[PDB]
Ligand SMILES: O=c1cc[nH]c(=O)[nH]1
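One chain follows as structure tokens, the form deposited without uracil.
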């Protein structure tokens, strides 16, 4: 391979410059098969990668794993092989009561509750998505009869205390995060997930385009524990046309 973790070479990508980057390795083949000629590339650690064709254009589909650290490896190594655009498709918990399970959120920018973003820029830098890519995501939603929620997401390095979940072994949340969900609710933040702050900060600072769409699987105003994929594919087609 020509990269350290992913097991890929540039030739395997057939000129792809755009990647769809789900968190879950098990979702990669499913996404690839929404496109044409889905082709296995590699699987190592949490990084499963496929190639497929979106209206004739090559697209890499590669899992990131959960969290900014594993995401940062995948993004860098794909960029080493010529990828310059990264479309995340994920799952998310809504924190606003008006967002329903099954809805779609397009993240414009993220609250940086991660560590890896700080390995690309100091905190003052905004974890903002690429405008053109966000625009394509919104258009793809509307083409499908979905009005997405568009706004700010809290992007956390933990699933449990950093999303102010209390149904845990200790039931404690450290002072920094105690009360934090209500703070983000009051600031209009839509939802929590675990990769977008890293993704957006690393891509914005390194000259790559990023965007994120996620399906809502729980509403945190109700409970702690309970398609986006069709939209991300449609957005990829818009961007590669």
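Positions refer to the first chain, counted from 1.
Below: the form deposited with uracil bound, not depicted.
Contact between residue 149 and uracil in the deposited complex is not found at the 4.5 Å heavy atom cutoff. With a 4.5 Å cutoff on heavy atoms, residue 117 does not count as touching uracil in the deposited complex; it lies far away.
Within 4.5 Å of any heavy atom of uracil in the deposited complex lies no heavy atom of residue 84. Shown alone here, residue 96 lies farther than 4.5 Å from uracil in the deposited complex, counting heavy atoms only. You can rule out all but one of 106 to 114, 167 to 175, 130 to 138, 88 to 96: in the deposited complex, only 88 to 96 has residues with a heavy atom within 4.5 Å of uracil. For the options 60, 194, 28, 203, the residue carrying a heavy atom within 4.5 angstroms of uracil in the deposited complex is 194. Interface residue among 13, 233, 218, 18, judged by heavy atoms within 4.5 Å of uracil in the deposited complex: 218. Using a 4.5 Å cut-off on any heavy atom, the residues of 155 to 180 that reach uracil in the deposited complex are, in sequence order, 159, 163, 165.
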